[PDB]
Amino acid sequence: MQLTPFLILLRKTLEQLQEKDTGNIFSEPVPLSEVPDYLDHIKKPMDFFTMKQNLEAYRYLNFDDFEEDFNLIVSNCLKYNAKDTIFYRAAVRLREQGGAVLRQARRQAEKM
């Protein structure tokens, strides 16, 4: 299994997942200046920019490495925000619409 096709697949997958975040609320780290209590109960912040950096730093060498960080985006947002917020519901939607994107991408990786 070769690194380059896998990183190509991950790049395409990341773009596809990011397309689902239509408000771009997960594009960059949660602004810790704007939400000072964020780190009280969120242990590992994650966002799509950080994911792209990790990808390009060769930190993702299997599909789980990648999916785990995607799942952190979602779970951190569910954890931090009240259910009655757009932010919470955006994480739900990202989880749901991301599901098929990740499943298809993993099937591709398994054929490598």
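So that there is no doubt, residue numbering starts at 1 and follows the sequence shown.
- Between 31-39 and 66-74, it is 31-39 that carries the larger average Cα temperature factor according to the deposited entry.
- Higher mean CA temperature factor between 40-48 and 81-89: 40-48, per the PDB entry.
- Split the chain's modelled residues into thirds by C-alpha temperature factor. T13 is in the lowest one.
- In the deposited entry, the Cα temperature factor of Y60 places it in the lowest third of its chain's modelled residues.
- Among the modelled residues of the chain, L94 sits in the lowest third by CA temperature factor in this PDB entry.
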